[PDB]
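Residue numbers (the authors' numbering), protein chains in the order written: chain A, 348 to 441; chain B, 548 to 1194; chain C, 1 to 434, 450 to 1295.
Don't be surprised by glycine CBs; every beta carbon is placed ideally from N, CA and C.
Presented below is the structure to which this report refers.
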Amino acid sequence: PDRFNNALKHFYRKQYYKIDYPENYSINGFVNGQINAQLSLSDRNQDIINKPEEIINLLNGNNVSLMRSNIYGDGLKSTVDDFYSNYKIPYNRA
Amino acid sequence: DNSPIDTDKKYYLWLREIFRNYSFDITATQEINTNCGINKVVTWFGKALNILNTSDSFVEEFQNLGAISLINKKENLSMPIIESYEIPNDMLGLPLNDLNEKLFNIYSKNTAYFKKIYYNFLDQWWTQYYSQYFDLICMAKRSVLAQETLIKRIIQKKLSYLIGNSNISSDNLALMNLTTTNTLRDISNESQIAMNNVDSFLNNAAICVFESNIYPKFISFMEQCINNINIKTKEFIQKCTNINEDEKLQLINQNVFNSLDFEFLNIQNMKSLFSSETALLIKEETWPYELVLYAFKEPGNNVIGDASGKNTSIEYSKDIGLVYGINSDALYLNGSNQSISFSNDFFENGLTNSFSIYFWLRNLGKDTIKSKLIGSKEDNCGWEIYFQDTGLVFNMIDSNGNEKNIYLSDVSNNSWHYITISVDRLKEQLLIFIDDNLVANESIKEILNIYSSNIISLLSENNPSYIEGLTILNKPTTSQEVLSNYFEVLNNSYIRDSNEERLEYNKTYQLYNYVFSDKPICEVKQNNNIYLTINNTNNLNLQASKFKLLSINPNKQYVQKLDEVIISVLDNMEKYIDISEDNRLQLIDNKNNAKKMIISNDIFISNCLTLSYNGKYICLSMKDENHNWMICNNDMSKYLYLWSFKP
Amino acid sequence: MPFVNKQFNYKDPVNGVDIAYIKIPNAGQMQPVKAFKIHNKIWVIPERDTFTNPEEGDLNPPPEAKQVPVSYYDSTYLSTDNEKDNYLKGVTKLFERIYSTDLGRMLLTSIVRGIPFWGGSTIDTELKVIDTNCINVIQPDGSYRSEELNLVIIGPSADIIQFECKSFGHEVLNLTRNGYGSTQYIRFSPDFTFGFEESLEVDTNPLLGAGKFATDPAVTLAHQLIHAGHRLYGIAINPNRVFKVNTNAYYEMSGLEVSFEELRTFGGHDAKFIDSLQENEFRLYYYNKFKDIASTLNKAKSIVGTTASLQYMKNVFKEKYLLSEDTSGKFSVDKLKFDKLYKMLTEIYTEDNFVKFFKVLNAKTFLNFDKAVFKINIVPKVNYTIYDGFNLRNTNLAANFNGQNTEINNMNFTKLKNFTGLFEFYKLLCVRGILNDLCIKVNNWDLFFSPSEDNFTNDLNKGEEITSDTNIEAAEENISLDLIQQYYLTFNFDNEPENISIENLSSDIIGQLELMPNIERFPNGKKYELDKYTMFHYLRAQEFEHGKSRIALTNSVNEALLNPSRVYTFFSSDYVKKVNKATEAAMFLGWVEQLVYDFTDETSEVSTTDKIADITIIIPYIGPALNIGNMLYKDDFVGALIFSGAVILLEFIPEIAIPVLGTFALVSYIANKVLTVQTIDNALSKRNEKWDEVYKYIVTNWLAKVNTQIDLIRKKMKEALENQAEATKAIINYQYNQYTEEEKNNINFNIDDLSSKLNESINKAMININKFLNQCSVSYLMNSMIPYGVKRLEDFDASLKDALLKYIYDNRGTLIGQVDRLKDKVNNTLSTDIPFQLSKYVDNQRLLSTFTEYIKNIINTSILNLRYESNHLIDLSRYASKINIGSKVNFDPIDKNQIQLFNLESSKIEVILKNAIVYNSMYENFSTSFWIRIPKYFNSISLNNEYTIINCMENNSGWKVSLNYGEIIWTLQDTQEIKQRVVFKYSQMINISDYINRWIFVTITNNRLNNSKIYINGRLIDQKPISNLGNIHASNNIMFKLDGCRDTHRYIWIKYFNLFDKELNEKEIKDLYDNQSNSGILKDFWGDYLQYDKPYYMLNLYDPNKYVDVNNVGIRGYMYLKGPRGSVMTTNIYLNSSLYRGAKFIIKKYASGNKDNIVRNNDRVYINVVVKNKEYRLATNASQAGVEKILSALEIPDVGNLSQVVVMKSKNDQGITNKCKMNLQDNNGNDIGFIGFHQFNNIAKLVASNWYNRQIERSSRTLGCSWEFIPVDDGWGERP
Ligand SMILES: [Ca+2]
Ligand SMILES: [Zn+2]
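Right under this line is the structure:
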């Protein structure tokens, strides 16, 4: 993964696959490569802990809940606080 | 309201339409004009994520409001804190040369500082803005998966149900199961195209936001900045004690900044950001090639292999020989015991996948009898190309017995030909090309399930032939692509004979003009000296003259574009070609006097060549004797300057 | 080598030979006229023709208008000796223009030797001349001399623009249809021509001019000379053979008169309207006529009325009819010789083909009707020349047929008044109470051509008898410029028949013209009651009359038809609201800009469909524009097309009637094996023909009934588009005139510039519409017509299979031992289909011609194309601008297109632009491209110094290209000093640069409504908004020179400079980039041609930080990649990786077949290695274990049998384009593999490894077998 690859928990819900050595994976890497390797889904997927960063509550005009959706955080620590405002771009290079 | 699905045929017709429609829905894009250009927009994006979805159309609303309208936090920028500009008070009295070269140092520091600022803005863009478009990309991709899942479940239920209770034959259900699996793959491949669509769409948008929104805030900040710098630098130079007034004006001028000093936008660089090793690796792993046949000669070994980067296995006769073809080494199949076979799970095809087959083929044509050349067939389904009569036959047959049987006329002349076959299930269209022509365009809506083995067999029974550049693609081919493939490969710098084999030095050919293609050049004497003409008096019993091309270099074997050449003929002794004062070509005694001609060719005429001397090209004269003389003259019709050598 | 070898003047006195008063045959007494013999057998009489036919002798307009679309009447025309002198000269010039073409040279010769047969004898033993084929030439002494002639050109009758062949008859004989022939009198004038509309050429000529174009009179004369040619050879088609049309339906023409002869003459598609069965009928008809002439000659034993010999005469006709003469002197006609001759006269001599030779704009079909008449003068060379016609070489007139554009070339064309009135002949179409009837008149020639079904006759249902003998008609190949060249080079130009002494005829020669059939004047003003608005209504609603009032656009057809101030538009309601709004003066220009943008946007709209086979694109606005089909939203049109196919475009559904095909009956041969087998083969051959016949037939019915409907729809869409532009302009012009003198004075508003912009938008729109409609027409063929033929054909194959098998089995006795093999032949042959290939039956559909048009399109948009050719640097564009080259300009000897400009006043190049192409506009888009190579900046003096290099500024307005430290800069400036700059920045602090001192490809494009864009190596770099810029008026010249550069040692390289009249798109730019990279020649690091005998430092694209070195010299040593490169610098200026560090490679000739020291792709070479300034040989011993063969540098004498020969390859690279490959080979031709490197321990050793040859082309960007060759260059210049 090439973009925000330390934040992926927010962008993506991971689903885990079992890897057996050396039937799935050997000294040349995945048998049949990273795309077409045949891997079995892990029975553990259902044990994954789900703790949303925030929950979006969608109500109607009558103020009753239609749906409750989960947004997940990236896992990283935050702020504190704004870096760009207080950062001085160095004029002298040493 | 239809009667329930009972036949396997009915299941296929259903499954295929399910697939085509899914493809049409999910890969939908429309190109629009934006602030920064044309972007290929994912049509369903608004209906998927509820974004600009309050209109009746998301596309036009996005064209209206622009790339920035897709994200929730529009203004995140923070103008960075700078280091204010002061010129040292110790330079106030310096002499010119030293003052001069010290401000040069400050000039560089400054322009570097500008670059730093721009970077800072680019980082904020990435962190604040792209982050939001990448969220859109991910959610949109998840939407595609969610939809794909719905489809597969719908398909799986129907298959599961028919298998559960229906009179469909056991063997029939078996095929249905194998085939559906291939269709589910075809559906992922289609999903993948769509997930690429949302990536390009949204990446372009984010880049447009940098040009349209972030960048201009940078430019504002930078002209305030250099306006300041310009002030302080002018005020400084006026306060200079040790230089005169003419010096001040030249100095202020040398040190002044303008907008161009900080206009760093490079749109190609913006775009190149997203080309990572991974993006590349993915391209190469997922490209349309399922088979790309290569061959070459190692010492004591002939190498044949597949470059597609797929799972293709190759098995072939140990004694198969290699010969130079059009652009590379060609396989020689003798017609008797020799065969080669390619194995890929894609090759079995199915109901819903598309593919293209192409290759160069030269056939030493003898029998008319129908013979397997290449194909993939099992249980009497799949496709085969046969040798028949003077041509080929393309055959396509499904599990219900429906057939395409199509005669392609005149392919065995013992000249190379480029065969292209295109099978498109989305447009339900079969396309067959021979060389640069489109020989067949047909509907294949009537052909359903062509599931074959995973093996393509190249037999070439009973017809010794040459095969080169065999390729299988998982996508259809267009006419532009065919033309591009055909001509690109064709100009490698080699000149060719009438059969499109490489023209060789020191080999005997007969010479023919493009305009009279069946009439060879012959020699005729007029006044105690001998010229070159063609025979327009039918069976005047002029003998076809025998030609050989000679090179100043003994080591040179094959004739190439722009080579210098001497033309020779065997009559009694060896006679060499010279140009007379009337520009009429004649055979002479002495190699020394022989004229050295430049040989070249037309990029669109594959088997023909041109000849020139001192910029004057060679052609056929007007009727004279009656005879038409070979002449060096530039004023005739273009067609008369094309020749070919036939061995 | 001129056709008319005397230059006559009308007042020249009569000599009795080539200038005389002459009598032509006539019914009664005829008054002698002054004529000129311009060539043997060809005379010109510069007189209005009242003599030919005393019946119609009055030059006034007739009581009832002729039913043609265009006519002109002036009785005084050609009444003056001056006009006569000009007629003579014009006609002569046209003869010369025709003669100067290969095709015309044949035609003219054919006409001369086409002497009218001597059929006068009622006694067949004698050969006599026919009187009406002669004239009487009055001598100065008062006597007359009788003289025979082939052709006379005379002035027109009362209708000045009606040109035709006339000739005299015989009491019994039909001389034009019997192969005899008769002297031809052509009514013609070179002093007028026709105007017409053309939308088709926009594909190849996107800049095509607006409004009417003028027919080149040379085409018109040629047309008549072709008729004359038929008539002289007696092969003209009977005038009662006519193409009938259906006139009864509201949408159909009231009537149209066109004859098979005319169709034959036009050529092209018009001639393909005549089916094979009938084309055959004619060929056979005239062949037998020819055979008759042979037998008339054979029985003629003496000659009468001449001093010439029967020998000479019989030979005259042997050479006219191409007769074969046996040893006895008997004549016959060879079917082979005749076929060739009849083909030349009817398929080679055609209007279509002359157009191909003249290279002029001309109607593609008679169905594109002349819309206007024009007065012209072609006699002055400044007007019209023999070689170029109106489109004069080396001037604006040479481009896009401007010479024929009546508005651009307006001094050569004066609009006359068409005598055919407004709605002279029409139909009246009325919608019913959608409030009472709203009726409109529709011009007859605005209606649909719908050919009658009794026009297409076929024998398809007639069975045949296959026979041991039955034999095959040939392919019947299509006519092409190379076939014509075949006829040309075999044509005999030597022998013209003499002008013989003949017995004197009577003083008056008695005869009358051949009678023309009387044609019913078709009905006029037929009325029609309709329930729904038609296409004609929708189009009419888009029109307005000029006036002082402000018109408004409406989306209501009803409103528009009801009110003179309301014009219907198919544009969106948004466009409607915007164009209608009263606009403040201060917002006027921005308002116009928006309107021009919106216009271009809506007319350029193209929806792509991936659902259906033959139609890729759809233009959705065609629906509301013509009311195609019905209902409301344009989404209905896109939808209905996708669903129902192309049939929704058609006004009527054509009948395609293909019957049960006539089956084969085979004649049995008892006991004869060879005959029985031949019969079987023949039946199969004739079966292949049955397929070709059915396909020809359908193609023929499609050209006539379908492709003509689509061609009309197309013409109407252009009419629709032009109406929308006129309306929008009128509304804008009204708004401007509402302003105060003061307000106007602050708005620079040029309506001609705005018009020019909208006309370009209409052209872009027509390009798309054209493609869409072509695909539509073809789709209907493939899908809705061909299949009926294929069904009839497969049923035929089935019947034949049963017949053939029955024949084999019945004959099993004769055929014994062969029965199985024959079954297979029959079953295998007849189980195939023969696929329909459209390219086979018609000209425009070949695949290559699609790419061809694309190339043309870019070449015809180039208003400056600056190349080095022969010994000079010139402009290869049709404008041929002048180039002035300074004394200090330097040209690279190896490639002379590479131009070096130093910093000196003398080092400069100046282009003097033709006025028509100097840029002065608010709205006009333009692009420039060129390659440049910029030396590294070595010195602080180059810092913050911007210097100009290409200058098109005039009084601070124009464009220019300028450079600065690490910058390439584009500047735009209007006449108010408002400017825009766009820059490409590149650093000099870099390890290895894609730019510094390397050839770069620059492209700048300018869209005046939007953006200025700069591209580098084919990719978009930066864009800036220009729409706030007003009028830009650039310089009359372009100055290539270094302007303002303070670095005295500075210079630049530049090549392949182009200027384009449009905004290049991404695709065109990439294709440009690729095409100009010269992929057939290897390049060095700098971008120059790679060369032999030139030492190069080496760089591996996989690891650029590494250079090549030699561990040890000799077979026990090796070469490797070493590092780090180290760096070179000048503080504050550059910091780079040193490029000159390493061992040097030199490429030596091995197989090279010339001496130009350039390394071409696939050259076979040796590579020498420079080590401590000595030369060695790159070689390996391929016998070493392992696929990676370790390369060594060897003593040149000691290489022995080692692998040395290297094959050089040139590959495409992104942003570099410098990729070089080397494939090492042993001496048996085998592959040792490409040169590359491999890790051995920690050493990276140069290797030849066949592992590369197993790989596809570009794989990653990181290869290991891709190399760069770096020569020492003044532009880089570190210390070696
Ligand atoms: Ca109106
Ligand atoms: Zn005519």
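Check                                                                                                                 : Outcome
Under 9 Å by beta carbon: chain C residues contacting B:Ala-854                                                       : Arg-1269, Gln-1270, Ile-1271, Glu-1272, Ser-1274
Ligand 2 heavy atom lying under 7 Å from the CB of C:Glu-424                                                          : no
Selection of the segment 386-418 of chain A by Cβ proximity to chain B, strictly under 9 Å                            : none
Start and end residues, alpha helix (DSSP H) containing C:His-269                                                     : 268-271
Close-in-space but distant-in-sequence residues of the same chain around B:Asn-729 (CB under 8 Å, 5 per side omitted) : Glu-895, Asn-896, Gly-897, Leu-898, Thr-899, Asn-900, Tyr-998
Local Cβ density within 10 Å of C:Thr-876, reported as buried at 16 or more and exposed below that                    : buried
Residue range of the unbroken beta strand (DSSP E) whose run includes C:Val-997                                       : 994-1000
Beta-carbon neighbours of B:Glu-608, restricted to chain E and to distances below 9 Å                                 : In the structure shown, chain E cannot be found, because the protein chains are A, B and C.
8 Å Cβ cutoff, B:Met-769 in contact with chain C                                                                      : no
Contacts of B:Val-940 in chain C (Cβ-Cβ under 7 Å)                                                                    : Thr-847
Straight-line Cα distance separating A:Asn-375 from C:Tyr-1010                                                        : 39 Å
Residue closest to C:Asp-469, alpha-carbon to alpha-carbon, out of C:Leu-676, C:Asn-716, C:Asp-696, C:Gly-901         : C:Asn-716
Inter-residue Cα distance where the pair is C:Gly-104 and C:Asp-839                                                   : 54 Å
B:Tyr-1061 and B:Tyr-1186 closer than 8 Å at C-beta                                                                   : yes
Given B:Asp-718 as reference, the closest of B:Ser-946, B:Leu-1017, B:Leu-978 once Cα atoms are compared              : B:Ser-946
First and last residue of the uninterrupted beta strand (DSSP E) at C:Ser-921                                         : No beta strand (DSSP E) contains C:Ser-921, which DSSP labels as neither H nor E.
Under 7 Å (Cβ pairs) to chain B, residues found in the segment 989-1005 of chain C                                    : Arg-996, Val-998, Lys-1000
Alpha-carbon spacing of B:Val-745 relative to B:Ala-687, whole angstroms                                              : 7 Å
Those residues, in chain order, that have a beta-carbon closer than 6 Å to some heavy atom of ligand 1                : C:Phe-559, C:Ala-575, C:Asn-578, C:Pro-579, C:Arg-581, C:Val-582
Secondary structure, beta strand (DSSP E): runs of 3+ residues fully inside the segment 920-973 of chain B            : 928-935, 938-944, 950-955, 964-971
Three-pair Cβ contact test at 8 Å for the segment 1276-1288 of chain C versus the segment 1115-1122 of chain C        : yes
Cutoff 8 Å; reference C:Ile-19; Cβ partners in own chain excluding five residues on either side                       : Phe-8, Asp-12, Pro-13, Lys-34, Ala-35, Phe-36, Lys-37
Contact under 8 Å by Cβ, residue 441 of chain C with C:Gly-526                                                        : For chain C, the structure lists 434 followed at once by 450, and that leaves residue 441 of chain C out of the model.
Chain B contacts from the segment 783-814 of chain C (Cβ-Cβ distance under 7 Å)                                       : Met-797
Contact under 8 Å by Cβ, C:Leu-796 with C:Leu-853                                                                     : yes
Beta carbon proximity, C:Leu-656 to chain B, threshold 8 Å                                                            : no
Straight-line Cα distance separating C:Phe-652 from C:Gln-753                                                         : 40 Å
heavy atom of ligand 2 below 7 Å from C:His-39 C-beta                                                                 : no
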